[PDB]
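Enquirer: Before we start, here is the structure in question, set down as structure tokens.
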Amino acid sequence: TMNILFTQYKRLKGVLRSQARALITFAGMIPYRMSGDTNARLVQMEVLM
Amino acid sequence: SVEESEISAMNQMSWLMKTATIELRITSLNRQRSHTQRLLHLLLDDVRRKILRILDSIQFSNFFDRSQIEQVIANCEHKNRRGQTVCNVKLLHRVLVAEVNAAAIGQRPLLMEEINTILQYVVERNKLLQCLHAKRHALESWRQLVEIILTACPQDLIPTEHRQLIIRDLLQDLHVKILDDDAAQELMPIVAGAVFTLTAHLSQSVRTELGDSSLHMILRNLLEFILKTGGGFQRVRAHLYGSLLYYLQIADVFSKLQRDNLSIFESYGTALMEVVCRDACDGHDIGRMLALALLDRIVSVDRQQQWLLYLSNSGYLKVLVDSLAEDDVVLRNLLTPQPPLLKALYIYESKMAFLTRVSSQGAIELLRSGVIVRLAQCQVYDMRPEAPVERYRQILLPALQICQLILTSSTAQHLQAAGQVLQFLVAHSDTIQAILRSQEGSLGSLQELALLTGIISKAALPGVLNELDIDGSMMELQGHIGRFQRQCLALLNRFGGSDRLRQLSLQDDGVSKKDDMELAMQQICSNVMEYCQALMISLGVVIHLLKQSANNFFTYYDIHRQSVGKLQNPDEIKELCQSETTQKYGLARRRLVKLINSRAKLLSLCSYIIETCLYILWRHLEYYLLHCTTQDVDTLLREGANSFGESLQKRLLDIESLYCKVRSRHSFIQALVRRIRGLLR
Amino acid sequence: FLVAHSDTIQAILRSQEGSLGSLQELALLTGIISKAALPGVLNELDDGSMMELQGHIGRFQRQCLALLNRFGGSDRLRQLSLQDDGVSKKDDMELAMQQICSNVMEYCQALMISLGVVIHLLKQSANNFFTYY
Amino acid sequence: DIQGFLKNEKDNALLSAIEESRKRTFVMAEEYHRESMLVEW
Amino acid sequence: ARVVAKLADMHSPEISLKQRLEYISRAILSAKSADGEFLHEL
């Protein structure tokens with residue numbers, strides 16, 4: 001999902017922000033340890049916008 | 001007791017202790033009894049026991065902007081000589097007076113009064129600390145006091161029941177103290193070690209006898225502590241964790257306690273699970289080990305798989321898989337000629353341990369985690385060193401044990417288990433190929449060829465390589481499977497021929513290791529044998545196999561029955577221990593039953609293997625001299641009446657009559673030999 | 001033919017004996033594998049069969065390159081020292097190891113058409129080169 | 001360091017308890033391999 | 001991580017609960033990217 005929305009801001013470049021925010025906040029509140037490299041890609045792409 | 005000069009009376013008693021301490025050390029290091037004895041009596045002669053009173057006196061209970069003055073009291077703070085972080089009152093007075101001298105004229109008295117308030121503040125903070133270091137050294141004392149008082153005195157001086165009652169009361173009071181909400185945080189680690197120590201003591205004590213309310217309250221305490229621990233003091237964590245591991249190993253009366261303890265540990269519910277898991281994935285190295293252990297233990301002790309449920313649903317197992325990738329980085333490190341941290345080993349161990357200790361529902365989940373698949377990605381195991389050898393072993397060994405436990409507990413059709421293991425082997429084609437070409441009869445390379453053959457046995461069944469063509473890979477894979485079965489066969493000619501007489505010979509130019517290695521060679525045969533027993537589903541090999549087998553069979557019936565006599569009934573005791581009065585007798589009992597079962601396994605093994613070689617020969621001869629078009633069958637029937645001499649038949653029937661009637665309601669051997677002779681005539 | 005000698009050729013390069021015989025054995029096997037395991041054939045071979053053939057050639061060239069590490073390194077003085085606890089044999093073995101190197105060399109030389117071993121080899125090469133000259 | 005002496009001791013004792021569990025685990029493992037072989041037989 | 005952590009904790013009227021929690025999220029996320037303590041606290 002985040003890779004897609006990322007590509008969306010990519011094409012728009014080459015709301016999306018607030019949506020990405022909702023996703024990252026979800027990741028945070030989620031009572032389940034997602035994998036590590038998962039969190040890595042999430043944080044990095046959330047930044048790169 | 002100086003109500004007015006607390007700090008002094010404290011430090012006094014502290015030094016007096018330390019002196020008495022070095023004294024007890026020496027006085028034991030040579031000898032003396034009556035002074036130790038009198039002090040003991042006054043400590044315990046019933047009137048509260050003395051050491052109780054001693055511990056019991058030590059009371060474990062205890063203009064300007066706010067943040068600016070707080071930073072000021074924080075900058076002039078200094079650790080007093082006994083470690084207390086006291087606020088330097090005089091330097092604070094100096095700084096406050098200076099800044100006071102630095103609308104301001106009428107405000108001068110307000111400034112000076114607020115400075116005096118900050119002064120009383122810094123002074124109370126100092127005195128507070130001073131009290132803190134005082135109580136700190138005080139408890140350190142009473143602690144080390146007990147440490148010697150129980151640690152070095154020959155337990156003769158104390159009736160055991162007294163030791164139990166007192167160590168108990170000590171845990172009771174110390175828990176009462178560490179648990180009160182007003183517990184100074186820093187005072188935590190101290191009682192920690194105390195518990196650990198006191199605990200193991202009571203442990204041996206009660207074990208040496210061999211109020212359950214007390215052990216229950218104890219575990220309840222130590223838990224409640226481990227919970228009360230913040231997520232920062234990973235030290236106090238590892239400590240409590242080890243403490244619990246012991247409080248468990250202390251335990252049909254055994255099954256009754258086991259139940260009751262499982263019930264207790266449950267009553268904590270998901271919380272302690274969440275804690276232990278958190279540390280397990282995240283804690284400090286000492287905590288990491290001790291915890292992963294505790295987890296393997298709790299898992300072995302719990303039937304309803306609940307903790308397995310939590311660990312799996314909570315995603316922890318995935319954290320573990322990551323830990324596997326990381327440990328792979330660690331072995332990649334140790335690949336170099338200078339390992340930074342030997343600990344990385346002990347970690348990878350405790351991890352794979354908790355793994356192995358994880359029945360069925362688990363195994364479903366674990367294979368579902370693709371643990372194997374991760375292992376398949378690992379490149380380190382391909383670094384078998386061309387002690388270095390002892391290391392590369394210590395690495396490959398637990399890995400192979402893992403893959404084998406997998407192929408075992410994963411029901412025989414989770415074909416991906418096989419195919420992945422086969423991928424593991426194919427990756428190490430050169431490596432395992434060499435490990436097969438191994439001629440050095442070292443016990444190590446022995447066990448390595450052992451596990452390698454056991455895997456290739458359970459795996460290289462053709463039934464897979466046809467389900468993997470879903471082609472060049474199918475061909476290469478079946479080729480590797482074939483080479484595997486080829487070596488798995490050819491190992492029989494090494495370990496199971498007259499050449500074995502060479503291997504036990506060249507190394508003669510120790511009682512347990514013998515029965516061990518005998519179990520070993522027997523299992524090695526058994527493995528190559530079952531491998532072929534499936535595979536068909538020079539024959540002189542199989543014949544000589546039955547022969548040497550029956551040979552060792554009488555050898556073992558004899559050795560084992562002699563050991564049976566030995567078990568039913570100084571140098572003898574020394575050798576009765578050198579393989580593994582009262583405890584050497586226990587060790588002798590142990591090694592006895594050990595060798596006995598090892599022998600009986602060798603016996604059933606030869607017996608099955610005999611049924612096998614017999615069946616394989618029966619079918620092979622049927623094919624060779626009944627349906628094989630032609631000189632081989634003539635020589636065949638001839639040599640068959642030639643080698644299956646009535647000597648062999650009589651030896652086998654005597655063996656069956658010897659041991660089979662104690663274990664097998666069927667004279668299967670007699671009917672098989674009859675059919676064999678019938679096919680021979 | 002080599003693939004038919006799979007276990008055999010693998011052990012043959014896998015020898016740890018400095019028996020002059022075994023030396024000549026790995027020597028000629030490698031001279032072959034050098035003139036032989038070229039990619040130019042695994043292509044004209046095409047199918048799972050051709051995969052197997054390339055794979056065998058791969059184990060082959062891989063070991064053949066590893067052979068320089070045993071025959072041209074600092075380990076040389078080791079495998080020559082463990083044997084002293086004989087002149088003609090030495091002239092022989094020197095010519096021989098020269099050939100073994102030059103062989104695996106030409107192998108790579110076409111292959112392009114740890115580098116530290118290339119370094120140490122340059123070293124021993126130059127030093128001998130003077131001893132020779 | 002008398003205290004430090006006690007310290008070296010207790011540290012060894014820890015490493016001991018841990019390895020002991022490691023053993024008991026390996027042991028039950030082999031026992032399962034055995035009952036397995038007997039199942040196969 | 002610690003930077004954003006303080007940023008969120010900071011008593012200040014210019015930070016509404018939303019941006020606070022969104023920070024604390026970005027925090028835990030950068031965290032999984034002693035630190036175990038910081039995690040336990042958070």
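All residue names refer to the structure tokens as shown: chains lettered A, B, ... in order, residues numbered from 1 in each chain, ligands numbered from 1 in order.
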Could you pull out the residues in chain E that DSSP calls helix (DSSP H, G or I) from the backbone, as an MDAnalysis selection string?
Expert: chainID E and resid 2:9 17:32 35:41
Enquirer: May I have the selected residues written with C-alpha atoms, as a tab-separated table (two decimals), in the first residue's frame?
Expert:
chain	number	residue	atom	x	y	z
E	2	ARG	CA	15.36	10.73	20.76
E	3	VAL	CA	15.01	14.08	19.03
E	4	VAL	CA	11.46	13.49	17.91
E	5	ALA	CA	10.78	11.88	21.28
E	6	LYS	CA	11.52	15.04	23.19
E	7	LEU	CA	9.72	17.02	20.49
E	8	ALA	CA	6.58	15.13	21.34
E	9	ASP	CA	6.93	15.11	25.11
E	17	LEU	CA	-2.45	15.48	20.53
E	18	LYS	CA	-2.53	14.35	16.92
E	19	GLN	CA	0.96	15.50	15.97
E	20	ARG	CA	2.18	14.17	19.31
E	21	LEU	CA	0.99	10.63	18.65
E	22	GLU	CA	2.13	10.82	15.03
E	23	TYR	CA	5.56	11.69	16.31
E	24	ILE	CA	5.57	8.86	18.89
E	25	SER	CA	4.71	6.60	16.00
E	26	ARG	CA	7.57	7.85	13.84
E	27	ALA	CA	9.57	7.30	17.02
E	28	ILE	CA	8.82	3.63	17.57
E	29	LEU	CA	9.35	3.17	13.84
E	30	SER	CA	12.77	4.77	13.84
E	31	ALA	CA	13.47	2.75	16.98
E	32	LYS	CA	12.95	-0.63	15.39
E	35	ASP	CA	17.49	1.51	23.23
E	36	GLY	CA	15.43	-1.42	24.46
E	37	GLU	CA	14.74	0.62	27.57
E	38	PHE	CA	13.69	3.65	25.50
E	39	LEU	CA	11.33	1.25	23.75
E	40	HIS	CA	9.96	-0.09	27.04
E	41	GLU	CA	9.35	3.42	28.28
Enquirer: Return as a ChimeraX atom specification the residues belonging to chain B that are within 10 Å of chain C, counting only C-alpha atoms.
Expert: /B:429-430,433-434,437,471-477,479,483,487
Enquirer: Could you turn the residues from that selection into a file that holds N, CA and C atoms, as an mmCIF file, in the first residue's frame?
Expert:
data_model
loop_
_atom_site.group_PDB
_atom_site.id
_atom_site.type_symbol
_atom_site.label_atom_id
_atom_site.label_comp_id
_atom_site.auth_asym_id
_atom_site.auth_seq_id
_atom_site.Cartn_x
_atom_site.Cartn_y
_atom_site.Cartn_z
ATOM 1 N N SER B 429 27.295 -29.473 -1.835
ATOM 2 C CA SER B 429 27.662 -30.674 -2.569
ATOM 3 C C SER B 429 29.101 -31.053 -2.294
ATOM 4 N N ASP B 430 30.023 -30.130 -2.540
ATOM 5 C CA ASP B 430 31.425 -30.417 -2.283
ATOM 6 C C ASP B 430 31.638 -30.767 -0.824
ATOM 7 N N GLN B 433 30.022 -34.011 0.280
ATOM 8 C CA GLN B 433 30.724 -35.039 -0.476
ATOM 9 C C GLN B 433 32.039 -35.392 0.191
ATOM 10 N N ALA B 434 32.807 -34.380 0.572
ATOM 11 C CA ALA B 434 34.029 -34.642 1.312
ATOM 12 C C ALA B 434 33.723 -35.330 2.630
ATOM 13 N N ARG B 437 33.725 -38.556 2.019
ATOM 14 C CA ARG B 437 35.022 -39.123 1.677
ATOM 15 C C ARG B 437 35.962 -39.197 2.869
ATOM 16 N N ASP B 471 13.753 -28.376 -15.158
ATOM 17 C CA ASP B 471 14.104 -29.769 -15.383
ATOM 18 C C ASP B 471 15.551 -29.983 -15.012
ATOM 19 N N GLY B 472 16.409 -29.078 -15.482
ATOM 20 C CA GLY B 472 17.824 -29.142 -15.181
ATOM 21 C C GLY B 472 18.039 -29.238 -13.693
ATOM 22 N N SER B 473 17.179 -28.554 -12.948
ATOM 23 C CA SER B 473 17.202 -28.695 -11.506
ATOM 24 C C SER B 473 16.706 -30.060 -11.062
ATOM 25 N N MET B 474 15.691 -30.615 -11.722
ATOM 26 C CA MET B 474 15.264 -31.960 -11.364
ATOM 27 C C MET B 474 16.379 -32.960 -11.606
ATOM 28 N N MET B 475 17.072 -32.827 -12.736
ATOM 29 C CA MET B 475 18.155 -33.749 -13.044
ATOM 30 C C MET B 475 19.297 -33.601 -12.055
ATOM 31 N N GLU B 476 19.744 -32.368 -11.814
ATOM 32 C CA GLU B 476 20.827 -32.159 -10.862
ATOM 33 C C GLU B 476 20.442 -32.646 -9.467
ATOM 34 N N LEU B 477 19.192 -32.415 -9.063
ATOM 35 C CA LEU B 477 18.760 -32.790 -7.725
ATOM 36 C C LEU B 477 18.714 -34.297 -7.566
ATOM 37 N N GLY B 479 20.375 -36.329 -9.269
ATOM 38 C CA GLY B 479 21.755 -36.778 -9.315
ATOM 39 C C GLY B 479 22.417 -36.699 -7.957
ATOM 40 N N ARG B 483 23.930 -39.784 -5.749
ATOM 41 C CA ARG B 483 25.263 -39.831 -5.162
ATOM 42 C C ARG B 483 25.176 -40.009 -3.655
ATOM 43 N N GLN B 487 26.920 -43.109 -1.578
ATOM 44 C CA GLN B 487 27.818 -43.078 -0.433
ATOM 45 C C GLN B 487 27.176 -43.706 0.794
#
Enquirer: Hey, can you check how far atom CA of residue B:141 sits from atom CA of residue B:170?
Expert: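 Atom CA of residue B:141 sits 14.7 Å away from atom CA of residue B:170.
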Enquirer: Stretch 83-92 of chain C: which residues within 12 Å, counting only C-alpha atoms, same-chain residues fewer than 2 positions away excluded, as a list in words?
Expert: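 Skipping anything fewer than 2 positions along the chain leaves residues 17, 18, 19, 20, 21, 23, 24, 76, 77, 78, 79, 80, 81, 94, 95, 96, 97, 98, 99 and 132 of chain C.
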Enquirer: Figure out the distance between atom CA of residue B:240 and atom CA of residue B:226, please, to one decimal in Å.
Expert: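 These two atoms are separated by 6.1 Å.
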Enquirer: What residues in chain B lie within 8 Å of chain E, counting only C-alpha atoms, written as a list in words?
Expert: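 That gives the following set of residues: residues 230, 231, 232, 282 and 283 of chain B.
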Enquirer: At what distance in Å, to one decimal, does atom CA of residue B:236 lie from atom CA of residue B:284?
Expert: 10.6 Å
Enquirer: Contacts from chain B to chain A, 7 Å maximum, only C-alpha atoms: show me the residue list as number ranges by chain.
Expert: B: 314-315, 318-319
Enquirer: Any idea which chain A residues end up within 7 Å of chain E if we count only C-alpha atoms, as JSON, numbers by chain please?
Expert: {"A": [24, 25, 28, 36, 39, 40, 43]}
Enquirer: Those residues you just picked out, can you put them in a file as a tab-separated table (two decimals), in the first residue's frame with N, CA and C atoms?
Expert:
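As written to disk, out11.tsv reads:
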chain	number	residue	atom	x	y	z
A	24	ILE	N	1.46	5.24	8.71
A	24	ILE	CA	2.56	5.14	9.66
A	24	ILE	C	2.02	5.08	11.08
A	25	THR	N	1.02	5.90	11.39
A	25	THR	CA	0.46	5.86	12.73
A	25	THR	C	-0.16	4.51	13.02
A	28	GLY	N	2.51	2.18	13.99
A	28	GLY	CA	2.90	2.38	15.36
A	28	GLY	C	1.96	1.78	16.38
A	36	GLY	N	11.46	-6.38	11.25
A	36	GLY	CA	12.35	-5.23	11.28
A	36	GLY	C	12.46	-4.52	9.95
A	39	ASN	N	9.70	-2.35	9.14
A	39	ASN	CA	9.73	-1.01	9.72
A	39	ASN	C	10.74	-0.14	9.01
A	40	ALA	N	11.83	-0.75	8.55
A	40	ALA	CA	12.86	0.03	7.87
A	40	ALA	C	12.31	0.68	6.61
A	43	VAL	N	9.61	3.47	7.42
A	43	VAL	CA	10.12	4.76	7.86
A	43	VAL	C	10.84	5.48	6.72
Enquirer: Go through B:605, B:110, B:506, B:641 one by one, measure the shortest atom-to-atom distance of each to chain D using only C-alpha atoms, and give the residue with the smallest value.
Expert: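 For chain D, the nearest of the given residues is B:605.
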Enquirer: Near residue B:301, counting only C-alpha atoms, which residues have an atom at most 12 Å away, once you skip same-chain residues fewer than 2 positions from it, shown as a list in words?
Expert: residues 248, 249, 251, 254, 255, 257, 258, 259, 260, 261, 262, 263, 265, 266, 294, 295, 296, 297, 298, 299, 303, 304, 305, 306, 307, 308, 357, 358 and 359 of chain B
Enquirer: Would you mind listing what lies within 9 Å of stretch 38-42 of chain C as a list in words, with only C-alpha atoms counted and same-chain residues fewer than 5 positions away left out?
Expert: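 Final neighbour list, sorted by chain and number: residues 33, 50, 51, 53, 54, 57, 61, 107, 110 and 111 of chain C.
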